[PDB]
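What follows is a short report on a single structure.
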Amino acid sequence: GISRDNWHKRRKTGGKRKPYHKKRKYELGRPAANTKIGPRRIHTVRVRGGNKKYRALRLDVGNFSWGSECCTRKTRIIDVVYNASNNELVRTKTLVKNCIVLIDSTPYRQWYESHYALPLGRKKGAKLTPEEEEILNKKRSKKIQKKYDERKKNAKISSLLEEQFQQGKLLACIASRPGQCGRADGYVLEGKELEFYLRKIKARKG
Amino acid sequence: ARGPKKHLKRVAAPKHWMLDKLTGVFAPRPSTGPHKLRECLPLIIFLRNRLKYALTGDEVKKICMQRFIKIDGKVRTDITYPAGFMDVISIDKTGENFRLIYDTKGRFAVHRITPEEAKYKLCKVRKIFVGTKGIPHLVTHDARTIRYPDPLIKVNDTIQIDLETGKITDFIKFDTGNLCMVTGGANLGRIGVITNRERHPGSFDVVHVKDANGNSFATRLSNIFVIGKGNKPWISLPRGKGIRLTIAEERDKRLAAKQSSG
Amino acid sequence: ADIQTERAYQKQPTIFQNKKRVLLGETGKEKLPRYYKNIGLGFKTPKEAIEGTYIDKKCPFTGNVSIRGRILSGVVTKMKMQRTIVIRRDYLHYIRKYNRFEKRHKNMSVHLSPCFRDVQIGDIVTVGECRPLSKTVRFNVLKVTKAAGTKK
RNA sequence: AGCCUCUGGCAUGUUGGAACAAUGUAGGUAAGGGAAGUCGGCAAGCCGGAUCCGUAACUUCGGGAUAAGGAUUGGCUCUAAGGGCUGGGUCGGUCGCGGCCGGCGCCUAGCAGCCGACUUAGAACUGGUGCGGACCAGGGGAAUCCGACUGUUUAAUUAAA
RNA sequence: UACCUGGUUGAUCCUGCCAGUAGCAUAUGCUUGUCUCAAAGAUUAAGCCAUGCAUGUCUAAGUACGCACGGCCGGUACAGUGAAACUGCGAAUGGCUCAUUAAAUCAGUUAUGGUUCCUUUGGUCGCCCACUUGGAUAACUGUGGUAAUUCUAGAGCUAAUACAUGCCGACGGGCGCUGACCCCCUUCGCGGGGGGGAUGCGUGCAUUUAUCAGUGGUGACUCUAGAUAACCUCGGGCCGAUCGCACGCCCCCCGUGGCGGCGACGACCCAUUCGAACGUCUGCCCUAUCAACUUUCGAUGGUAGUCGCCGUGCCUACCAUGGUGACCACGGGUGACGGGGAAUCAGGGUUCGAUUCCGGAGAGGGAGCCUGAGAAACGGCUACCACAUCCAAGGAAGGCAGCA
RNA sequence: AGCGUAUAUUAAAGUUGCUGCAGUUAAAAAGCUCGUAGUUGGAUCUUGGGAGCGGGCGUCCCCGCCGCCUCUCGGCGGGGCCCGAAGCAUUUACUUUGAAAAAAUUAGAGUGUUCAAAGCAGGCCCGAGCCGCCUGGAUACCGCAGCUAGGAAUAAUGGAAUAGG
RNA sequence: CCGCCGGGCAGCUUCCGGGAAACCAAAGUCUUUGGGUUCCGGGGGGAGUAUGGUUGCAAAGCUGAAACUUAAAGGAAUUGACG
RNA sequence: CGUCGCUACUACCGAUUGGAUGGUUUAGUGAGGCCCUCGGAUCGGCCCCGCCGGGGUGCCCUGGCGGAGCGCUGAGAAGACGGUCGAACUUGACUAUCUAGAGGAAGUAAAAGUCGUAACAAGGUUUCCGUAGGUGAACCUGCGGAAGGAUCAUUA
Ligand SMILES: [Mg+2]
Ligand SMILES: [Mg+2]
Ligand SMILES: [Mg+2]
Ligand SMILES: [Mg+2]
Ligand SMILES: [Mg+2]
Ligand SMILES: [Mg+2]
Ligand SMILES: [Mg+2]
Ligand SMILES: [Mg+2]
Ligand SMILES: [Mg+2]
Ligand SMILES: [Mg+2]
Ligand SMILES: [Mg+2]
Ligand SMILES: [Mg+2]
Ligand SMILES: [Mg+2]
Ligand SMILES: [Mg+2]
Ligand SMILES: [Mg+2]
Ligand SMILES: [Mg+2]
Ligand SMILES: [Mg+2]
Ligand SMILES: [Mg+2]
Ligand SMILES: [Mg+2]
Ligand SMILES: [Mg+2]
Ligand SMILES: [Mg+2]
Ligand SMILES: [Mg+2]
Ligand SMILES: [Mg+2]
Ligand SMILES: [Mg+2]
Ligand SMILES: [Mg+2]
Ligand SMILES: [Mg+2]
Ligand SMILES: [Mg+2]
């Protein structure tokens, strides 16, 4: 099949290696996952060792995190943005390690709105007034008010994130191998990271 | 090759299950075990080749599957189960129980011990582990791991293991001044107190060793397994006591014992 | 400037960098806390490793590589690649017949971390055997000494 | 270039109507074979544009030479790659958004916005393998004879040596 | 044993060769009383092959209801030998040969902190079916084809450690964060301090991702270990909670509940053992009538990726424009599988090493494949090519470089 | 009891010459010169001397000593004591000692195989009442490269000079 | 004219020592074998041929094989003997 | 010594886009596997009803016999779209090796034919090198060389 060997290609100088053996079950290459975004679809593979390998071909959701806040709700991966390697993998919406992806904000919103109890985006008073104060309005007080006033200033977000939550989509980057692992795990692009990738996107579209 | 190799040619067979060129093509091959193939004694060689207890291979088959032979007090039916530095090998219907100490030439003895001294046993240590939840692990040279060791046991030291329990009972750090048998190379089954070791980064470390008579061999660390606090080996030694006599001396001393002996 | 030039973002992993809701400007003064290591065998992890703004995974003074085996030296002959040079190891291979030697050499491509500045050709350089790092390159430069010959 | 069209020009090149015979003169097309054809491949067709690949003997070392021999080529949706033009002297003072002074700045790695021709490369998708689809458009090779090459010549039968 | 003798010339001394000499290495020429050791179709043709064989396996311990035979004896399911069949292993070693292969095999040396590992050893294993739930095939029984094969049609049964499933367990008990809340001290009250909290959600050995802190271990952690947040590779993680033969017991106690030895398969974390693998440094035959090679068909490198077991131009994309060379590359050749050795030999070499020991490769040739820990496996198969058998002309079966 | 010829190959070959050939005439030194790789390259740098022990009042052979630095580093409220670290052996080349070197082969210990090629056993103790003793399965080499430790004879190589320790 | 000195062209002479010999201050320092280094020969012919490459306008130049055949060809000196 | 004469053997040149095998491969075509996307012989299970029976509180839990939605997950063959390694086949290129060949020209054998007589003696013309030109053949002649001479001198 589709081997992985130093056995065939030229030497440093530029002489052509002769063969040696046949291809052995060894220098074995399987074809790619080039995993998409759809309802979940993963085949197992039997590999060397015994052991197994979770090659994702359709993949919808990721277990993937704030840096700073120190959480990681499991969230839908909405859509691929740019992938530094190559610009088919964007268009085809192929998730691979260090793809930049849009995701659902919603599960991250909904634990400030537990924890520090201060909103995101900006709104007039439609969702906020029935439900945030349903998270707030205390009849315990004293201990708790002290507690998420100790969760002080620093229920704070960078403008760059604050923005995205209007939209209900966050920029994140894959750090697992969908084809090897079986998942599309990652971090949220946060702070410095977050600033090319916007400026890449902006400069790319023009 | 394709798989792993389940076979051993006589000749290729190491120098000490002491086999001869005629009589066969193959040698016995240690079945996989705790001890490395090259530093073994497959039980089979004791019986027919060392003790002349059996004669053939089938004679030995009929021995071990009566279930007499107990390699460290745990009964083996494998004719080719590997023994190696620091084992026991109790026969029980006989009451002999040997070790497996190597001679001064490095070729595993027929050295009988008491019924006592078949409980205590020695083992060098290969690593500290820290397994999980902070439960620390040893790895003895005979591939026992032993959980829950005294934290002062470090690497290359030896342990005075029991047997029926497993467990540990008191021990010898690897300082200067303690007693060493050598378990690899040339100075092999030769015995003496240390002196001084030479730490090198990267390449493995050298150990200078002085003996009774005053002959300094050195060795790589990974061959030295220790046997006492200093001029007091806890085990019984083989006759000769890993002193090693120059062929000149050995020749004459053997021959000088002769004539005067009667 | 300088650092993030390529396409993907280049960052020392095992430093997560952001958390800040306090005064004292914005971020620290080092700003990014820099992951570096001591390598071993006593070679001083140089100043520009620790000081440096820079980033190369294949540098042992600022990234994931282990040095672990055979330490050699050679001379720098070409610096026309980027983060790699070519060194040239000279010797006498001995014939026994002809009771004499002949000069030989096996030039050897080798990683050169850009911490390690002001290198030139005709430059004595010491190298560690590394992980098989590219196709040819298994070695990584550890201490340049510029020594024999010429000037400061 | 060819071929289709506006401006401008005609009204089919001294007649018309009706059929579609043979011979013709102009055009076309043929199963299988494929020069067997004649003095001879006489006419025609093969080739044909571009991009990519590729290239002989021989030599006057220029050539040969588009040698030879191959691949690709549509529509569509993309991507990538090729440029101009303007903008910091901000801070303080003072003078009338403007100037002047003085000070800091000094993108001197630039970045920001605003413009505008064109090209080229690559990737999907896609169509009964169609794509230089109309037209434009070198058949090739191995030899010998002659004449170094360009040119010229018998206006109305010889263009060649 | 450091070694020589014949031959050019009417005669001489040389250069120089020819010819002798001995061993070794292979031909066969003749002869052959004894006895001990002992090589053998390698060179040519990895050419071809008739036939005969070279790889099966049962303890007590995975199923056994063949009537096979007894038992010894039954009715209670067993009992005990036991032909078949499923299942688990092996078949991945060995054996053969050297076609290829010139830094390629391979030696020594080092690395794996750039990895996998059946087995053995050592360990480690408590979150309403468990008093085991379901279901389905082989032998077996019967009815079937085909000319023919180690070809099956089809109807009944019936097992399991084969295939699925999935429960007691543990403590409405304990500890992480949430907490309906509550009390006391202090305060004008806000507030400050001390407390205590029903009820939620969590309630892990492994997984992947994210973060945090700095018991033990190295020259060498970006390691082990620990803390927080998550997920489920999900049927295709594991254990989690697995099944046989010996059948031997004790109960503040009468029949239950506890207990005993053996095995088998699990397995997760792990170690270990046989390894396997891919790297380091340094090491080879001839040839210039081979001087430049290498590079959008990866050449060398950077970045980011895919694939794998893993680092890696293993592959893709985008960048750079590199790397080798007369210390002879690059090109060509070999009557080249590589070592360990051999016969020769004053010291130094010279050629041979297909040769039993080690290392490599291939089973007409390539490629791809299943299966498997482990193979790209040839005593498997899939075609093709290259070979070749039987034929009822529809079809079928072919691989000696196992031994003969 | 072997002995013949077939040819490959080694000595013989001081006829491939490193050791170690040859170049007036015998086969043979470019027509001459320049010149990049290569090979090759003067001299010159710690010594005489000291202190002792030991052979042949002193003289003349023969040995351990006067690697330096560090103590910035360990420790076998202020310590020493010096090992632990490194300046590191300028940077090698060189030499010597270790360690590592699969067995078989080889070299070669041991052994009435009846000898020998071989074999690795055998030997013994024993009238067998011992109901059993005793010993082996020696060692050297194992290129180059790699690893370790001594030495500094020679060969390169380095350091202060538009100033620096 | 008579000396000396450096380096030049040369001569004679000799049992240094070389040298098969002729001869040679050097062809000396060589089995008492190696100061440095360049080239280059390995019986004679075939053959400086064929072929290949290259330079040249070309004569040709440079690089440069084999099958085959062949026993001596040759060198230095001795007597001869014939010019 | 050479042409010339005859015979024998080698290799050479040689018109023949001469033939054969091997190795690369440019171009096309491309078996089968492998992956991906579909598919869906079928086979269930879940279920929904009709009727009936046993157990429980018209309803539920089991059982029996019928029917139907074939609702919705599972398994799931044949098959098909794509992609990847890729033997194989077809046409070019190179290089390797090996050979067929009308006729032409050397050498050698080799060794006793004819015509001379080039060389060795002052070889009758000192010899030889290189170059050139010539010639039946050795050859000859220019020019410049050489002595390996037939003169180490020519007698201020
Ligand atoms: Mg020599
Ligand atoms: Mg008309
Ligand atoms: Mg008109
Ligand atoms: Mg026709
Ligand atoms: Mg005709
Ligand atoms: Mg025409
Ligand atoms: Mg032409
Ligand atoms: Mg003309
Ligand atoms: Mg005319
Ligand atoms: Mg003689
Ligand atoms: Mg004679
Ligand atoms: Mg001879
Ligand atoms: Mg094998
Ligand atoms: Mg291992
Ligand atoms: Mg050949
Ligand atoms: Mg065959
Ligand atoms: Mg194979
Ligand atoms: Mg195969
Ligand atoms: Mg076979
Ligand atoms: Mg010879
Ligand atoms: Mg000799
Ligand atoms: Mg000679
Ligand atoms: Mg001269
Ligand atoms: Mg001479
Ligand atoms: Mg000499
Ligand atoms: Mg010759
Ligand atoms: Mg002459």
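Following the order of the structure tokens, chains are lettered A, B, ..., residues in each are numbered from 1, and ligands are numbered from 1.
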
*Non-local contacts of segment 51-62 of chain G (10 Å; only C-alpha atoms (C1' of nucleotides); under 4 positions in same chain excluded) as a ChimeraX atom specification*: /E:289 /H:12,131-132

*For chain A, report every residue with an atom at most 12 Å from chain B (counting only C-alpha atoms), formatted as a list in words.*
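Close enough to count are residues 24, 25 and 26 of chain A.
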
Which residues are near ligand 17 in this structure, taking near to mean any atom at most 12 Å from a ligand atom and counting only C-alpha atoms (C1' of nucleotides) and all ligand atoms? Format them as a PDB file with N, CA and C atoms (P, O5', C5', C4', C3', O3' and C1' of nucleotides), in the first residue's frame.
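File produced: selection13.pdb:
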```
ATOM      1  N   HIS A  21      14.058  -4.683   0.217  1.00  0.00           N
ATOM      2  CA  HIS A  21      13.068  -5.687   0.528  1.00  0.00           C
ATOM      3  C   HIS A  21      11.807  -5.449  -0.346  1.00  0.00           C
ATOM      4  N   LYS A  22      10.660  -5.965   0.085  1.00  0.00           N
ATOM      5  CA  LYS A  22       9.356  -5.483  -0.356  1.00  0.00           C
ATOM      6  C   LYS A  22       8.910  -4.426   0.651  1.00  0.00           C
ATOM      7  N   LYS A  23       7.713  -3.884   0.495  1.00  0.00           N
ATOM      8  CA  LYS A  23       7.160  -3.035   1.543  1.00  0.00           C
ATOM      9  C   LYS A  23       6.697  -3.996   2.640  1.00  0.00           C
ATOM     10  N   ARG A  24       6.947  -3.642   3.897  1.00  0.00           N
ATOM     11  CA  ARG A  24       6.600  -4.515   5.031  1.00  0.00           C
ATOM     12  C   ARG A  24       5.542  -3.809   5.912  1.00  0.00           C
ATOM     13  N   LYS A  25       4.902  -4.566   6.811  1.00  0.00           N
ATOM     14  CA  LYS A  25       3.677  -4.111   7.486  1.00  0.00           C
ATOM     15  C   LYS A  25       4.151  -3.378   8.687  1.00  0.00           C
TER      16      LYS A  25
ATOM     17  N   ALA B   1      13.924 -12.829   9.915  1.00  0.00           N
ATOM     18  CA  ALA B   1      12.853 -12.902  10.961  1.00  0.00           C
ATOM     19  C   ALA B   1      11.503 -12.377  10.464  1.00  0.00           C
ATOM     20  N   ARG B   2      10.442 -12.878  11.087  1.00  0.00           N
ATOM     21  CA  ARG B   2       9.156 -12.210  11.091  1.00  0.00           C
ATOM     22  C   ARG B   2       8.771 -11.970  12.529  1.00  0.00           C
ATOM     23  N   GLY B   3       8.416 -13.027  13.242  1.00  0.00           N
ATOM     24  CA  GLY B   3       8.002 -12.877  14.614  1.00  0.00           C
ATOM     25  C   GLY B   3       9.190 -12.845  15.548  1.00  0.00           C
TER      26      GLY B   3
ATOM     27  P     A E  92       4.319 -19.912   9.594  1.00  0.00           P
ATOM     28  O5'   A E  92       4.923 -18.522  10.119  1.00  0.00           O
ATOM     29  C5'   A E  92       5.359 -18.286  11.470  1.00  0.00           C
ATOM     30  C4'   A E  92       6.321 -17.112  11.600  1.00  0.00           C
ATOM     31  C3'   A E  92       7.080 -17.064  12.913  1.00  0.00           C
ATOM     32  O3'   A E  92       8.314 -16.357  12.627  1.00  0.00           O
ATOM     33  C1'   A E  92       5.446 -15.346  12.947  1.00  0.00           C
ATOM     34  P     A E 361      15.624  -8.352   5.928  1.00  0.00           P
ATOM     35  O5'   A E 361      15.036  -9.105   4.658  1.00  0.00           O
ATOM     36  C5'   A E 361      14.886  -8.415   3.414  1.00  0.00           C
ATOM     37  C4'   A E 361      15.639  -9.141   2.334  1.00  0.00           C
ATOM     38  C3'   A E 361      14.863 -10.232   1.614  1.00  0.00           C
ATOM     39  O3'   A E 361      14.122  -9.568   0.604  1.00  0.00           O
ATOM     40  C1'   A E 361      17.070 -10.965   2.121  1.00  0.00           C
ATOM     41  P     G E 362      12.530  -9.531   0.649  1.00  0.00           P
ATOM     42  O5'   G E 362      12.139 -10.914  -0.033  1.00  0.00           O
ATOM     43  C5'   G E 362      11.995 -10.967  -1.461  1.00  0.00           C
ATOM     44  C4'   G E 362      12.332 -12.334  -1.975  1.00  0.00           C
ATOM     45  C3'   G E 362      11.337 -13.423  -1.636  1.00  0.00           C
ATOM     46  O3'   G E 362      10.246 -13.391  -2.526  1.00  0.00           O
ATOM     47  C1'   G E 362      13.501 -14.211  -1.239  1.00  0.00           C
ATOM     48  P     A E 363       8.777 -13.587  -1.980  1.00  0.00           P
ATOM     49  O5'   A E 363       8.065 -14.259  -3.231  1.00  0.00           O
ATOM     50  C5'   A E 363       7.601 -15.615  -3.183  1.00  0.00           C
ATOM     51  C4'   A E 363       8.688 -16.591  -3.568  1.00  0.00           C
ATOM     52  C3'   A E 363       8.206 -18.037  -3.560  1.00  0.00           C
ATOM     53  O3'   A E 363       8.790 -18.732  -4.635  1.00  0.00           O
ATOM     54  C1'   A E 363       9.984 -17.825  -2.064  1.00  0.00           C
ATOM     55  P     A E 375       3.633  -7.697  12.303  1.00  0.00           P
ATOM     56  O5'   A E 375       4.191  -8.277  10.943  1.00  0.00           O
ATOM     57  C5'   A E 375       5.342  -9.099  10.932  1.00  0.00           C
ATOM     58  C4'   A E 375       5.123 -10.140   9.890  1.00  0.00           C
ATOM     59  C3'   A E 375       5.043  -9.592   8.449  1.00  0.00           C
ATOM     60  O3'   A E 375       6.005 -10.134   7.530  1.00  0.00           O
ATOM     61  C1'   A E 375       3.451 -11.250   8.887  1.00  0.00           C
ATOM     62  P     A E 376       7.174  -9.211   6.813  1.00  0.00           P
ATOM     63  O5'   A E 376       6.386  -8.114   5.962  1.00  0.00           O
ATOM     64  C5'   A E 376       6.286  -8.175   4.520  1.00  0.00           C
ATOM     65  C4'   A E 376       4.880  -8.560   4.135  1.00  0.00           C
ATOM     66  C3'   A E 376       4.546  -8.546   2.643  1.00  0.00           C
ATOM     67  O3'   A E 376       4.047  -9.776   2.094  1.00  0.00           O
ATOM     68  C1'   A E 376       2.832  -7.454   3.969  1.00  0.00           C
ATOM     69  P     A E 377       5.029 -10.960   1.585  1.00  0.00           P
ATOM     70  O5'   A E 377       4.743 -12.139   2.630  1.00  0.00           O
ATOM     71  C5'   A E 377       5.515 -12.194   3.847  1.00  0.00           C
ATOM     72  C4'   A E 377       5.093 -13.279   4.825  1.00  0.00           C
ATOM     73  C3'   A E 377       4.871 -14.696   4.322  1.00  0.00           C
ATOM     74  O3'   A E 377       6.053 -15.505   4.439  1.00  0.00           O
ATOM     75  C1'   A E 377       3.336 -14.099   6.145  1.00  0.00           C
ATOM     76  P     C E 378       7.298 -15.413   3.404  1.00  0.00           P
ATOM     77  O5'   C E 378       7.428 -16.921   2.901  1.00  0.00           O
ATOM     78  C5'   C E 378       7.015 -17.351   1.580  1.00  0.00           C
ATOM     79  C4'   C E 378       5.563 -17.796   1.569  1.00  0.00           C
ATOM     80  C3'   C E 378       5.312 -19.292   1.410  1.00  0.00           C
ATOM     81  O3'   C E 378       5.419 -19.993   2.643  1.00  0.00           O
ATOM     82  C1'   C E 378       3.691 -17.958   0.240  1.00  0.00           C
TER      83        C E 378
END
```

*List all protein, DNA and RNA residues that have any atom at most 12 Å from ligand 25, counting only C-alpha atoms (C1' of nucleotides) and all ligand atoms, and write the list as a list in words.*
residues 14, 17, 19, 20, 21 and 22 of chain F; 30, 31, 33 and 34 of chain G

*Kindly provide, as a list in words, all nucleotide and amino acid residues lying within 9 Å of ligand 23, counting only C-alpha atoms (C1' of nucleotides) and all ligand atoms.*
residues 29, 30, 31 and 32 of chain F

*Would you give me, as a PyMOL selection string, the residues in segment 5-61 of chain C that DSSP reads as helix (DSSP H, G or I)?*
chain C and resi 47-51

Convert the current residue selection to file output with C-alpha atoms, as a PDB file, in the first residue's frame.
```
ATOM      1  CA  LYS C  47      21.870  34.389  27.705  1.00  0.00           C
ATOM      2  CA  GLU C  48      20.020  34.850  24.470  1.00  0.00           C
ATOM      3  CA  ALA C  49      18.033  31.665  25.099  1.00  0.00           C
ATOM      4  CA  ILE C  50      16.605  33.098  28.318  1.00  0.00           C
ATOM      5  CA  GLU C  51      16.552  36.745  27.314  1.00  0.00           C
TER       6      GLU C  51
END
```

Would you list, as a compact mmCIF listing (two decimals) with C-alpha atoms, in the first residue's frame, the residues of segment 34-244 of chain B that end up in strand (DSSP E) under DSSP run on this structure's backbone?
```txt
# COMPACT_ATOMS: atom_id res chain seq x y z
CA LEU B 41 20.25 -21.20 34.06
CA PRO B 42 17.24 -22.93 32.56
CA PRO B 82 15.13 -19.26 33.73
CA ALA B 83 17.00 -18.93 36.97
CA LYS B 121 17.17 -13.71 49.60
CA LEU B 122 19.00 -10.82 47.89
CA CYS B 123 17.92 -8.55 45.06
CA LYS B 124 19.42 -5.44 43.50
CA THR B 158 20.08 -4.44 47.64
CA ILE B 159 17.24 -5.90 49.50
CA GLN B 160 17.07 -8.78 51.97
CA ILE B 161 13.68 -10.05 50.68
CA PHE B 171 18.99 -3.23 53.53
CA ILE B 172 22.24 -2.05 52.12
CA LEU B 179 30.86 -5.81 49.70
CA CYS B 180 30.23 -6.50 45.90
CA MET B 181 29.83 -9.57 43.74
CA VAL B 182 30.00 -8.69 40.08
CA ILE B 191 33.98 -10.35 44.98
CA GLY B 192 35.38 -7.41 46.93
CA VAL B 193 34.69 -4.14 48.77
CA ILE B 194 34.23 -1.04 46.67
CA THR B 195 36.73 1.81 47.23
CA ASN B 196 35.32 4.33 44.82
CA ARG B 197 32.91 4.75 41.92
CA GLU B 198 33.38 7.20 39.03
CA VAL B 206 32.59 2.85 36.53
CA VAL B 207 33.16 1.16 39.89
CA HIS B 208 36.60 0.36 41.33
CA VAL B 209 36.64 -2.70 43.53
CA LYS B 210 39.30 -3.97 45.94
CA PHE B 217 39.45 -4.75 38.89
CA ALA B 218 36.93 -2.09 37.88
CA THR B 219 33.47 -2.55 36.34
CA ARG B 220 30.53 -0.74 34.87
CA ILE B 224 27.71 -4.59 40.43
CA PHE B 225 25.07 -6.00 42.75
CA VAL B 226 26.14 -5.70 46.46
CA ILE B 227 26.09 -8.33 49.22
CA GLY B 228 26.95 -6.83 52.65
```

*If you count only C-alpha atoms (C1' of nucleotides) and all ligand atoms, which residues end up within 10 Å of ligand 21, as a list in words?*
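Listing the residues within 10 Å of ligand 21 gives residues 2, 346, 347 and 348 of chain E; 11, 12, 13, 14, 17 and 20 of chain F.
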
With a cut-off of 10 Å, could you pull out the residues of chain E touching ligand 12 and give me the nearest pair of atoms for each, distance in Å to one decimal, using only C-alpha atoms (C1' of nucleotides) and all ligand atoms, ordered by chain and ascending number, as CSV?
```
residue,atom,partner,partner_atom_place_in_ligand_line,distance
E:18,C1',ligand 12,1 (Mg),8.6
E:19,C1',ligand 12,1 (Mg),7.3
E:20,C1',ligand 12,1 (Mg),7.5
E:21,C1',ligand 12,1 (Mg),9.2
```

*Counting only C-alpha atoms (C1' of nucleotides), collect the residues of chain D whose closest atom lies at most 12 Å from chain C, and write them out as number ranges by chain.*
D: 109-111

Output N, CA and C atoms (P, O5', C5', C4', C3', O3' and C1' of nucleotides) for every residue in the selection just made, as a PDB file, in the first residue's frame.
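The resulting out.pdb:
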```pdb
ATOM      1  P     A D 109      13.949  50.706   9.999  1.00  0.00           P
ATOM      2  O5'   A D 109      13.474  49.297   9.409  1.00  0.00           O
ATOM      3  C5'   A D 109      12.824  49.138   8.120  1.00  0.00           C
ATOM      4  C4'   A D 109      11.691  48.136   8.211  1.00  0.00           C
ATOM      5  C3'   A D 109      10.279  48.730   8.262  1.00  0.00           C
ATOM      6  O3'   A D 109       9.617  48.794   7.002  1.00  0.00           O
ATOM      7  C1'   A D 109      10.563  46.944   9.851  1.00  0.00           C
ATOM      8  P     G D 110       9.723  50.080   6.053  1.00  0.00           P
ATOM      9  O5'   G D 110       8.452  49.959   5.083  1.00  0.00           O
ATOM     10  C5'   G D 110       7.280  49.097   5.273  1.00  0.00           C
ATOM     11  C4'   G D 110       6.951  48.828   6.732  1.00  0.00           C
ATOM     12  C3'   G D 110       5.482  48.649   7.116  1.00  0.00           C
ATOM     13  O3'   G D 110       5.176  47.266   7.337  1.00  0.00           O
ATOM     14  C1'   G D 110       6.400  50.532   8.233  1.00  0.00           C
ATOM     15  P     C D 111       3.798  46.615   6.802  1.00  0.00           P
ATOM     16  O5'   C D 111       2.666  47.485   7.514  1.00  0.00           O
ATOM     17  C5'   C D 111       1.918  46.985   8.641  1.00  0.00           C
ATOM     18  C4'   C D 111       1.171  48.107   9.336  1.00  0.00           C
ATOM     19  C3'   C D 111      -0.194  48.474   8.765  1.00  0.00           C
ATOM     20  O3'   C D 111      -1.238  47.668   9.314  1.00  0.00           O
ATOM     21  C1'   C D 111       1.074  50.443   9.101  1.00  0.00           C
TER      22        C D 111
END
```

_Show me, as a list in words, the residues that have an atom within 12 Å of residue 7 of chain F when counting only C-alpha atoms (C1' of nucleotides), minus same-chain residues fewer than 2 positions from it._
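Those residues are residues 25, 26 and 27 of chain E; 5 and 9 of chain F.
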